[PDB]
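Next up: just one chain, as structure tokens, the form deposited in one PDB entry.
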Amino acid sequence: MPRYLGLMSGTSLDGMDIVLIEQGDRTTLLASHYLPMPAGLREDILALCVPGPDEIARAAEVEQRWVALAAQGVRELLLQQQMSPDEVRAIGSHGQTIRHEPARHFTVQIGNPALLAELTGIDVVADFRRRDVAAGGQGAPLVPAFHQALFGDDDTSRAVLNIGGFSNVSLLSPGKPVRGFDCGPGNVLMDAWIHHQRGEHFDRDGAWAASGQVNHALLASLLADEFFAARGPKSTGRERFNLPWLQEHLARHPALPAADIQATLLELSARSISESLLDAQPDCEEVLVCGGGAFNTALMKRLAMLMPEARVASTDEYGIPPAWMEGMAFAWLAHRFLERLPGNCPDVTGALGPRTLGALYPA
């Protein structure tokens, strides 16, 4: 049964996930491996996420460093697992998104797959989003088909919910097509605030949020954002959720304590998920939570509250650690590419139809 590596750096950017799966009758996780990303690499990536000078050269240099790190992680994992590269059929590389502009019909992942193949000695499948975009799609999210393969059940209406930077839900309804969409903010505003305020990369354990007090007025002005009304195919904020967007809202209201702002941001995520989810699937029996936000104890409470009809739990309860779900999916996408099975869900992305996603860079 073939083995794959999945390689990603998400939108949180503290490091690189590497997973090893076996794709037999089902997808089995064999091993996991996390590397820290140097702070400099994280900032240089974030410096490419907004328009700037000399981007071609800058991106090429950044991408060399990102690939070097990935290959390093792959080497460490294989050695530690007593495995040779020849035991791995392919790497599925998510790359690093520096610009996602589906409305301008483009998405940009860097991560020089050719150099990744050179360094690793393993075939690499990368560049998964662009075929979806070329076919009129949003290029995202790409995890629903994997989610469906993992948790596709006729006996239960399930929502698979990834809380990364942004929140995306896969709606698995018995006797129906797979639906899904980015619900909006996950950790990203909470990351942005504690970063601006104190220089921390994220709010660990949602602790600083926990200390604060939700501001019902500010929350109402955030949830007032028209974005939430937008339905159907949607990816990574139809209103780019950022700190300039937040600060604009803050000034209008009275001066609030930072901790309260953090508590409000937490409630915003909880609320926007609940309502974007139940609106599309009121029948939801189970919410399977993955991504970093699955660790946020407070956030996980509020989801359970706001969705009383559904059982809300980490994917750990269904035998898949939440930290590794996205990487496992990119390993799976490498499999789908090699088998010429469709990677996208056209009803999720809004593409014209099913497509083979990715490109093969052979070792």
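Numbering starts at 1 and follows the sequence shown. In this text, rigid core is short for the largest set of C-alphas that superpose within 1.5 Å between two forms.
Compared against other deposited entries of this protein, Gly237 counts as often unmodelled, lacking coordinates in at least a third of those that resolve the residues around it.
Note on 288-296 vs 150-158: mean CA B-factor is higher in 150-158.
With 78-86 and 177-185 compared on mean CA B-factor from the PDB entry, the stretch scoring higher is 177-185. The maximum CA B-factor among the listed residues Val169, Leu256, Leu172, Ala71, taken from the PDB record, is found at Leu256. The maximum CA B-factor among the listed residues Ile110, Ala117, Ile194, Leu219, taken from the PDB record, is found at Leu219. When the modelled residues of the chain are ordered by C-alpha B-factor, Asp279 sits in the highest third. In this PDB entry, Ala103 carries a Cα temperature factor that places it within the middle third of its chain's modelled residues. Compared with the other modelled residues of the chain, the Cα B-factor recorded for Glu317 ranks in the highest third.
Ranked by Cα temperature factor within the chain, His94 sits in the lowest third according to the deposited record. The deposited CA B-factor of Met190 belongs to the middle third of values across its chain.
Note that the form deposited with a small molecule bound isn't included here; everything after this is about it.
Not displayed here, the small molecule is approached by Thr97 to within 4.5 Å at the level of heavy atoms in the deposited bound form. Among residues of the shown chain, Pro141 is one whose heavy atoms approach the small molecule to within 4.5 Å in the deposited bound form. The small molecule is not drawn, but in the deposited bound form it has a heavy atom within 4.5 Å of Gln109. The partner is not drawn, yet in the deposited bound form one stretch among 142-150, 171-179, 216-224, 79-87 has residues with heavy atoms inside 4.5 Å of the small molecule: 142-150. In a core superposition between the shown form and the other one, the Cα of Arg204 is the only one among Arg75, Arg99, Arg204, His105 shifting by 2 Å or more. Once both forms are fitted on their core, a CA shift of 2 Å or more is seen for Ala217 between the shown form and the other one.
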